[PDB]
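Visitor: Below is a structure I'd like to ask you about.
Residue numbers (the authors' numbering), protein chains in the order written: chain l, 19 to 63; chain b, 98 to 121, 143 to 146.
Structure (structure tokens):
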């Protein structure tokens, strides 16, 4: 499974598939996703 | 309690509960 990030704290929640959506050392229950690596092809125009 | 707009996206409806004192008799 992967890592997720909370809306406020941002700490690594690294939480497991099929469980409960929340955090660890805090509160609130949302979370976005770390940006991939990832060297991405971008024209300057 | 709710904290919008951190709600919304949880498709949550933003209401509060009503509480009306009902009378049946036990004083309170």
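No residue lacks a Cβ here, since even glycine has one placed at the ideal position from N, Cα and C.
Name the residue from 54/l, 19/l, 46/l whose alpha carbon lies nearest to the alpha carbon of residue 36/l.
Guide: Ranking 54/l, 19/l, 46/l by Cα distance to residue 36/l puts 19/l first.
Visitor: Answer with buried or exposed for residue 41/l, where buried requires no fewer than 16 other C-beta atoms within 10 angstroms of its C-beta.
Guide: Buried.
Visitor: Once you ignore the five residues that flank residue 27/l on each side, which residues in its own chain have a CB closer than 7 Å to its CB?
Guide: Within the same chain, residue 27/l has close Cβ partners 41, 44.
Visitor: Are the C-beta of residue 106/b and some C-beta of chain l separated by less than 9 Å?
Guide: True, the Cβ-Cβ gap to chain l drops below 9 Å.
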